[PDB]
Amino acid sequence: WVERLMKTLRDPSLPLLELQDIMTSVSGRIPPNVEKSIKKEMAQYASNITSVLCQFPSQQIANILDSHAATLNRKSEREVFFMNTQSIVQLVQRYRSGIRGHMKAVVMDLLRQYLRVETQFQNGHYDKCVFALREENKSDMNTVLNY
Amino acid sequence: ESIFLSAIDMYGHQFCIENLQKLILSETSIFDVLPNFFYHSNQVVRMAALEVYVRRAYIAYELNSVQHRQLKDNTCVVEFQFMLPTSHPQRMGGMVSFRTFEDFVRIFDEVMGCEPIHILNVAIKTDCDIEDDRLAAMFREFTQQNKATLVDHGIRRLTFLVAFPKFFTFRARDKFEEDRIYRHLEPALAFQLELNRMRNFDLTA
């Protein structure tokens with residue numbers, strides 16, 4: 001599992017595949033201008049695979065979407081655009097620093113999971129730590145159980 | 001070599017990219033160093049060096065799509081798709097390195113498996129004893145016997161880099177396979193420097 005994850009996270013083709021899925025699932029409710037621009041930008045990215053200067057155009061996708069938002073259609077043409085583009089926003093936010101930064105982010109998050117649990121069971125015996133958790137999470141005992 | 005070799009470990013540190021760009025867009029000529037990355041040892045630096053070489057030489061051509069291709073032997077190939085902004089107004093091209101001379105002909109038909117709009121650059125490691133006459137004779141033999149440049153897909157010009165750099169350009173299309181004008185000059189800079197405005201003169205560099 002670790003080896004496969006490490007190979008996947010260093011493959012430049014990952015973020016565009018993610019883009020394909022999130023863009024294809026929403027064809028309607030997207031202005032044609034931004035749709036065309038996004039398709040063009042991701043095609044360029046695909047053309048540059050296996051090149052040391054190849055970088056995922058997260059900023060450019062964000063730029064065209066923010067350009068349409070700068071036009072800022074009002075009254076139900078506002079909210080539809082901001083909502084039906086959220087998947088793309090998430091994708092570009094994940095890959096602001098490229099596949100490198102995204103890789104490090106994933107692995108770091110797993111390490112944080114470890115610390116999120118194991119820093120609560122330091123400082124004394126099992127039952128004392130459990131009581132500390134019980135007294136913090138008063139309104140939910142499933143959290144305590146998960147710990 | 002610091003820039004070209006430190007990017008290699010894990011490409012995309014967010015400073016290596018800019019350093020490669022600096023090598024492309026700096027004042028200092030690095031064409032006395034770039035042909036030394038035939039392979040060097042990493043075999044990934046071939047890709048980077050070819051990118052920087054073509055991007056620096058083809059400053060004037062508008063590049064849009066570059067890609068790195070490999071073979072399971074000694075053949076780092078890179079393909080380029082560009083256009084001509086204001087000069088005889090969409091061409092394509094590519095670049096590959098070889099060793100000594102015969103390695104070129106050995107897999108010459110394989111490397112071509114990527115109107116004669118194609119441009120091929122060939123860089124050959126012969127790091128010894130500038131002998132321009134012998135070099136030119138050797139290249140003329142290949143270009144006069146083998147006409148793959150016409151029958152496969154159509155290559156407008158074939159340029160050989162001899163390793164400071166000694167360029168030899170051969171057009172196997174209409175004229176005799178020789179070029180006395182662009183000897184020791186890459187003809188990618190034929191638009192950067194307006195050499196077409198010299199029809200009335202016989203030039204010696």
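Backbone-built Cβ (ideal geometry, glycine too); neighbour counts: all protein chains shown. Rule-based calculations on the coordinates, nothing more; no lab input.
The table below lists the values:
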| read-out | value |
| --- | --- |
| Qualifying positions in region A:56-75 - within 14 Å of another protein chain (Cβ to nearest Cβ) and surrounded by 19 or more Cβ atoms within 10 Å (Cβ to Cβ) | A:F56, A:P57, A:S58 |
| The lone exception for A:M42 - which of (1) under 19 Å from A:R94 (Cα atoms); (2) not in a helix (DSSP H, G or I) it fails | (2) |
| Filter result for A:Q122 (touching a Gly at 6+ places or on another chain (Cβ under 9 Å), assigned to a loop (DSSP other than H, G, I, E, B) and either over 21 Å from A:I22 (Cβ atoms) or within 14 Å of chain B (Cβ to nearest Cβ) (or both)) | no |
| Selected residue (criterion: farthest from the other protein chains (Cβ to nearest Cβ)) from residues of region B:67-87 that are touching an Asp or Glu at 6+ places or on another chain (Cβ under 9 Å) and closer than 18 Å to B:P35 by Cα | B:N74 |
| Filter result (buried (at least 19 other Cβ atoms within 10 Å of the Cβ) and within 13 Å of chain A (Cβ to nearest Cβ)) within region B:47-66 | B:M47, B:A48, B:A49, B:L50, B:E51, B:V52, B:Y53, B:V54, B:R55, B:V66 |
| Residues within region B:20-38 that are farther than 22 Å from B:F160 by Cα and in a loop (DSSP other than H, G, I, E, B), tallied | 4 |
| Any hit, region A:48-55, residues being on the phi < 0 side of the Ramachandran plot and more than 12 Å from chain B (Cβ to nearest Cβ) | no |
| Scope region B:165-183; condition surrounded by 14 or more Cβ atoms within 10 Å (Cβ to Cβ) and within 21 Å of B:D129 (Cα to Cα); matching residues | B:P165, B:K166, B:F167, B:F168, B:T169, B:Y182, B:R183 |
| The lone exception for B:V44 - which of (1) of a type in the set (A, V, I, L, M, F, W, C); (2) within 21 Å of B:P165 (Cα to Cα); (3) within 11 Å of another protein chain (Cβ to nearest Cβ) it fails | (2) |
| Near pairs, Cβ below 8 angstrom, 6+ apart or cross-chain, from region A:53-76 (under 30 Å from B:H68 (Cα atoms)) to any residue that is part of a loop (DSSP other than H, G, I, E, B) | A:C54/A:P12; A:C54/A:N48; A:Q55/B:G12; A:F56/A:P12; A:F56/A:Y95; A:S58/A:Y95; A:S58/A:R96; A:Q59/A:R96 |
| Any chance B:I119 is under 28 Å from A:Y45 (Cβ atoms) and more than 14 Å from chain A (Cβ to nearest Cβ) | yes |
| Selection within region B:80-113 - assigned to a loop (DSSP other than H, G, I, E, B) and closer than 18 Å to B:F160 by Cβ | B:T100, B:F101, B:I107, B:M112 |
| Residues of region A:125-144 classified as surrounded by 10 or more Cβ atoms within 10 Å (Cβ to Cβ) and either touching a strand residue (DSSP E or B) at 6+ places or on another chain (Cβ under 9 Å) or part of a helix (DSSP H, G or I) (or both), total | 10 |
| Unique match (being touching a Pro at 6+ places or on another chain (Cβ under 6 Å) and at negative phi) among B:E62, B:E51 | B:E62 |
| Output for region A:61-93, where each listed residue is within 21 Å of the chain's Cα centre (by Cα), part of a helix (DSSP H, G or I) and among the polar types (S, T, N, Q) | A:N63, A:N84, A:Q86, A:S87, A:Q90, A:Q93 |
| Filter result (among the charged types (D, E, K, R) and farther than 21 Å from B:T75 by Cα) within region B:124-146 | B:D129, B:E131, B:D132, B:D133, B:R134, B:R140, B:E141 |
